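model-v6.csv follows (CSV, C-alpha atoms (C1' of nucleotides)):
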chain,number,residue,atom,x,y,z
A,428,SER,CA,-47.8,-42.1,-150.8
A,429,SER,CA,-45.5,-40.4,-148.3
A,430,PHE,CA,-46.6,-43.1,-145.7
A,431,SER,CA,-44.3,-46.1,-145.5
A,432,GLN,CA,-46.0,-49.3,-144.4
A,433,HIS,CA,-44.3,-51.9,-142.2
A,434,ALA,CA,-46.0,-55.3,-142.3
A,435,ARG,CA,-45.1,-58.0,-139.8
A,436,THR,CA,-47.1,-61.1,-139.0
A,437,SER,CA,-46.4,-64.2,-136.8
A,438,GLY,CA,-50.0,-65.5,-136.7
A,439,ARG,CA,-52.8,-65.9,-139.2
A,440,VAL,CA,-54.2,-62.3,-139.3
A,441,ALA,CA,-52.4,-59.5,-141.0
A,442,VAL,CA,-53.2,-55.8,-141.0
A,443,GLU,CA,-54.4,-55.4,-144.6
A,444,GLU,CA,-55.1,-51.7,-144.8
A,445,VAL,CA,-55.0,-48.6,-142.6
A,446,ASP,CA,-56.8,-45.4,-143.5
A,447,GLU,CA,-54.5,-42.3,-143.3
A,448,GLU,CA,-57.4,-40.1,-142.1
A,449,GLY,CA,-58.4,-42.6,-139.5
A,450,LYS,CA,-61.7,-43.4,-141.0
A,451,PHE,CA,-61.3,-47.2,-140.8
A,452,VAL,CA,-59.0,-50.1,-139.8
A,453,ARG,CA,-58.8,-53.1,-142.1
A,454,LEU,CA,-57.3,-56.5,-141.3
A,455,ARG,CA,-57.0,-59.7,-143.3
A,456,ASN,CA,-56.8,-63.3,-142.4
A,457,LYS,CA,-54.4,-64.5,-145.1
A,458,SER,CA,-54.2,-68.1,-143.8
A,459,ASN,CA,-56.5,-70.9,-145.0
A,460,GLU,CA,-58.2,-71.4,-141.6
A,461,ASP,CA,-60.7,-69.2,-139.7
A,462,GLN,CA,-59.2,-67.1,-136.9
A,463,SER,CA,-61.2,-66.7,-133.7
A,464,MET,CA,-60.6,-63.1,-132.5
A,465,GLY,CA,-62.9,-63.1,-129.5
A,466,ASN,CA,-62.2,-60.1,-127.2
A,467,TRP,CA,-59.0,-59.3,-129.2
A,468,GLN,CA,-57.8,-55.7,-128.6
A,469,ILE,CA,-57.0,-53.1,-131.3
A,470,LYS,CA,-54.7,-50.4,-130.1
A,471,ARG,CA,-54.2,-47.3,-132.3
A,472,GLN,CA,-51.2,-45.0,-131.7
A,473,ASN,CA,-51.1,-41.6,-133.5
A,474,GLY,CA,-47.6,-40.3,-132.9
A,475,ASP,CA,-47.8,-39.0,-129.3
A,476,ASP,CA,-51.6,-39.0,-129.2
A,477,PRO,CA,-53.2,-40.9,-126.3
A,478,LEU,CA,-53.9,-44.5,-127.1
A,479,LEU,CA,-57.4,-45.4,-128.3
A,480,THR,CA,-58.5,-48.9,-127.2
A,481,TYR,CA,-61.1,-50.9,-129.1
A,482,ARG,CA,-62.4,-54.2,-127.8
A,483,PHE,CA,-64.2,-56.8,-129.8
A,484,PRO,CA,-67.3,-58.6,-128.4
A,485,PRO,CA,-66.7,-61.7,-126.2
A,486,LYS,CA,-67.2,-64.2,-129.1
A,487,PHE,CA,-66.0,-63.2,-132.6
A,488,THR,CA,-64.3,-65.2,-135.3
A,489,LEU,CA,-63.1,-64.1,-138.7
A,490,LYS,CA,-63.5,-66.7,-141.5
A,491,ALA,CA,-60.5,-67.5,-143.6
A,492,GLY,CA,-60.0,-65.1,-146.5
A,493,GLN,CA,-62.7,-62.7,-145.3
A,494,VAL,CA,-62.2,-59.0,-144.6
A,495,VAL,CA,-63.5,-57.2,-141.5
A,496,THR,CA,-63.1,-53.4,-141.5
A,497,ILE,CA,-63.4,-51.4,-138.3
A,498,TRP,CA,-65.0,-48.0,-139.2
A,499,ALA,CA,-65.1,-44.9,-137.0
A,500,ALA,CA,-68.1,-42.8,-135.9
A,501,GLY,CA,-67.2,-39.9,-138.2
A,502,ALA,CA,-66.9,-42.3,-141.2
A,503,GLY,CA,-70.7,-42.9,-141.2
A,504,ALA,CA,-70.4,-46.5,-142.2
A,505,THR,CA,-72.9,-49.2,-141.2
A,506,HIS,CA,-71.9,-52.3,-139.2
A,507,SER,CA,-72.5,-55.7,-140.8
A,508,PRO,CA,-70.9,-58.7,-139.2
A,509,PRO,CA,-68.7,-60.6,-139.8
A,510,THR,CA,-67.5,-58.2,-142.5
A,511,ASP,CA,-68.3,-54.7,-141.3
A,512,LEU,CA,-68.1,-53.1,-137.9
A,513,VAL,CA,-68.4,-49.4,-136.8
A,514,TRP,CA,-66.8,-48.0,-133.6
A,515,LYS,CA,-69.3,-45.3,-132.6
A,516,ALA,CA,-67.5,-44.6,-129.3
A,517,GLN,CA,-64.6,-43.0,-131.2
A,518,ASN,CA,-65.2,-40.2,-133.8
A,519,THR,CA,-62.1,-41.1,-135.7
A,520,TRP,CA,-59.0,-43.3,-135.4
A,521,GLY,CA,-56.9,-40.2,-135.6
A,522,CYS,CA,-54.3,-38.7,-137.9
A,523,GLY,CA,-50.5,-38.1,-137.9
A,524,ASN,CA,-47.3,-38.9,-139.5
A,525,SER,CA,-46.7,-41.9,-137.2
A,526,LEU,CA,-49.8,-44.1,-137.2
A,527,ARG,CA,-49.4,-47.5,-135.6
A,528,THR,CA,-52.2,-50.1,-135.6
A,529,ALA,CA,-51.4,-53.1,-133.4
A,530,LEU,CA,-53.7,-56.1,-133.1
A,531,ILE,CA,-53.7,-57.5,-129.6
A,532,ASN,CA,-55.2,-60.9,-128.8
A,533,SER,CA,-57.2,-61.8,-125.8
A,534,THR,CA,-54.0,-62.8,-124.0
A,535,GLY,CA,-52.5,-59.3,-124.4
A,536,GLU,CA,-50.0,-60.4,-127.0
A,537,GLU,CA,-49.0,-58.5,-130.2
A,538,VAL,CA,-49.4,-60.8,-133.2
A,539,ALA,CA,-49.8,-58.2,-136.0
A,540,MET,CA,-48.8,-54.6,-136.5
A,541,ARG,CA,-48.7,-52.1,-139.3
A,542,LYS,CA,-47.1,-48.7,-138.9
A,543,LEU,CA,-47.6,-45.7,-141.2
A,544,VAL,CA,-44.6,-43.4,-141.1
A,545,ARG,CA,-44.4,-40.0,-142.9
A,546,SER,CA,-41.2,-38.0,-143.3
B,1,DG,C1',-42.1,-63.0,-133.7
B,2,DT,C1',-43.7,-67.8,-131.2
B,3,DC,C1',-43.2,-71.2,-128.4
B,4,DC,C1',-41.7,-75.2,-126.7
B,5,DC,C1',-38.6,-78.5,-125.5
B,6,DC,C1',-34.1,-80.6,-125.1
B,7,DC,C1',-29.9,-79.2,-122.0
B,8,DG,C1',-27.7,-79.1,-117.9
B,9,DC,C1',-27.9,-80.3,-113.3
B,10,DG,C1',-29.3,-82.5,-108.9
B,11,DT,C1',-31.7,-87.0,-106.6
B,12,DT,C1',-33.4,-92.0,-106.8
B,13,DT,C1',-32.8,-96.7,-108.9
B,14,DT,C1',-30.7,-100.3,-110.0
B,15,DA,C1',-28.3,-103.4,-112.2
B,16,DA,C1',-23.0,-104.0,-114.6
B,17,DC,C1',-19.6,-106.4,-113.6
B,18,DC,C1',-15.7,-108.8,-111.4
B,19,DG,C1',-15.3,-112.1,-108.9
B,20,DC,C1',-16.4,-116.7,-107.3
B,21,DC,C1',-18.5,-121.1,-107.5
B,22,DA,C1',-20.6,-126.4,-111.7
B,23,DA,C1',-22.6,-128.7,-116.0
B,24,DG,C1',-21.9,-130.1,-119.7
B,25,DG,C1',-22.5,-129.5,-125.2
B,26,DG,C1',-20.4,-129.9,-128.4
B,27,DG,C1',-16.4,-128.7,-131.4
B,28,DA,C1',-12.4,-130.7,-132.7
B,29,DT,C1',-10.1,-135.1,-133.5
B,30,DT,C1',-9.3,-139.8,-135.1
B,31,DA,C1',-10.5,-144.3,-136.7
B,32,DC,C1',-13.5,-146.7,-139.5
B,33,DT,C1',-16.1,-147.5,-143.7
B,34,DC,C1',-18.6,-146.6,-148.0
B,35,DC,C1',-19.8,-144.6,-152.3
B,36,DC,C1',-20.0,-140.6,-156.1
B,37,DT,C1',-18.4,-139.0,-159.4
B,38,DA,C1',-14.6,-137.9,-162.7
B,39,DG,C1',-12.9,-140.4,-166.3
B,40,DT,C1',-13.2,-143.3,-170.2
B,41,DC,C1',-15.6,-144.6,-174.1
B,42,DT,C1',-19.9,-145.1,-177.2
B,43,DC,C1',-23.6,-143.4,-179.5
B,44,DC,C1',-27.1,-140.0,-180.9
B,45,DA,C1',-30.4,-135.9,-181.4
B,46,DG,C1',-31.3,-130.9,-180.2
B,47,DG,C1',-30.2,-126.6,-180.6
B,48,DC,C1',-27.6,-123.4,-183.9
B,49,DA,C1',-27.7,-121.1,-189.2
B,50,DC,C1',-30.1,-120.2,-192.5
B,51,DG,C1',-34.2,-118.7,-194.9
B,52,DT,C1',-38.7,-117.3,-195.4
B,53,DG,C1',-43.6,-116.2,-194.6
B,54,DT,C1',-46.6,-112.8,-192.5
B,55,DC,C1',-48.9,-109.8,-188.7
B,56,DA,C1',-48.3,-106.2,-184.2
B,57,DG,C1',-47.5,-102.3,-183.8
B,58,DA,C1',-45.6,-98.1,-186.6
B,59,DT,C1',-48.3,-94.9,-189.4
B,60,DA,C1',-52.1,-92.6,-190.3
B,61,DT,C1',-56.7,-90.8,-190.0
B,62,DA,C1',-61.6,-89.8,-188.1
B,63,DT,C1',-64.5,-89.6,-183.9
B,64,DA,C1',-66.8,-89.6,-179.5
B,65,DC,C1',-66.0,-87.7,-174.7
B,66,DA,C1',-64.0,-84.3,-170.7
B,67,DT,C1',-62.9,-79.1,-170.0
B,68,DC,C1',-62.8,-73.6,-170.3
B,69,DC,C1',-65.5,-70.4,-171.0
B,70,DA,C1',-69.3,-67.2,-170.9
B,71,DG,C1',-74.3,-65.5,-171.5
B,72,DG,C1',-78.6,-65.6,-169.5
B,73,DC,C1',-81.4,-65.1,-165.4
B,74,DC,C1',-82.9,-64.2,-160.6
B,75,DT,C1',-82.3,-61.4,-156.0
B,76,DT,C1',-80.6,-57.3,-153.9
B,77,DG,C1',-78.3,-52.5,-152.7
B,78,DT,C1',-78.8,-47.4,-154.7
B,79,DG,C1',-80.9,-43.4,-156.0
B,80,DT,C1',-84.7,-40.5,-156.1
B,81,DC,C1',-88.2,-36.7,-154.8
B,82,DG,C1',-92.9,-35.1,-153.5
B,83,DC,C1',-94.8,-34.6,-149.2
B,84,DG,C1',-95.7,-35.5,-143.6
B,85,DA,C1',-93.9,-33.5,-139.0
B,86,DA,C1',-91.4,-30.2,-136.6
B,87,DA,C1',-90.2,-25.5,-135.5
B,88,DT,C1',-90.4,-20.7,-136.3
B,89,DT,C1',-91.7,-15.9,-136.9
B,90,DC,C1',-94.6,-12.5,-137.0
B,91,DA,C1',-99.4,-10.1,-138.2
B,92,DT,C1',-103.0,-8.9,-135.5
B,93,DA,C1',-107.9,-9.3,-132.5
Please re-express this file's structure in structure tokens.
Amino acid sequence: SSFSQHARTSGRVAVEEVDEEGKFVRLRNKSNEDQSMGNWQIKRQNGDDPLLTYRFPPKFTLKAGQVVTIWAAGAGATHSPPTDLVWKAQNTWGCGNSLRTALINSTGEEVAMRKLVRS
DNA sequence: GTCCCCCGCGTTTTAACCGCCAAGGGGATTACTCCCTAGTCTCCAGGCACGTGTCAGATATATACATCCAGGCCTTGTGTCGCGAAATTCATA
């Protein structure tokens, strides 16, 4: 796939899938309990590109075993909570050989991260 | 990676203990008595040895009841394409 994926998780939510073209960001709650992700921050790093910061609404909770996918403006997807959300303020999550998607909670702590590395 | 929670250290508490006091409870000892049972015999019947009958579970089968599985059925997201609504560009009165 030419993009190595590094998965690390210390909480309940893991970064399930990252789009190489930056169309969407997919996270998974692999525990057996619902995770409240109110005002959690998603920071996307594309190599040396400036950070794109996405902020969730003040009250948001992902049910256990459910999938929420954050789509970009250029993707053309339709938001449908609690499973589908679209970030119209950003045309695309970006591209590059070093794509890093870090999930930041409301306390500014990194609990999940997945990095796409291409030789 | 997360986090929290003993660890080490400094400050307050406070009783551990060595010492001194006394009582006395009873443990140990001794003299006294008393009686319980091993020992002896006598006698006898109760549990072992043996044998035998016969049914509880081994053996076997057939059956009603709990489980995996899917097909049918209803509600919902997809696709479509002719035409309204907007602009456009120019012929011409």
Legend entry - atom CA of residue A:496 to atom CA of residue A:509, straight-line distance in Å: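 Taking atom CA of residue A:509 as the start and atom CA of residue A:496 as the end point, the length is 9.3 Å.
Here atom CA of residue A:475 is placed at a distance of 24.0 Å from atom CA of residue A:441.
Between atom CA of residue A:520 and atom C1' of residue B:77 the interatomic distance comes to 27.5 Å.
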Legend entry - Distance-based interface of chain B with chain A, 12 Å, counting only C-alpha atoms (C1' of nucleotides), as a list in words: residues 1, 2 and 3 of chain B
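For stretch 491-494 of chain A, the set of protein, DNA and RNA residues having any atom at most 12 Å away, when counting all atoms listed in the file and skipping those fewer than 2 positions along the same chain, is residues 439, 440, 441, 442, 443, 444, 452, 453, 454, 455, 456, 457, 458, 459, 460, 461, 462, 463, 464, 488, 489, 496, 497, 507, 508, 509, 510, 511 and 512 of chain A.
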Legend entry - Long-range neighbours of residue A:466 as a ChimeraX atom specification, 12 Å cut-off, all atoms listed in the file, 4 positions minimum in chain: /A:480-488,530-535
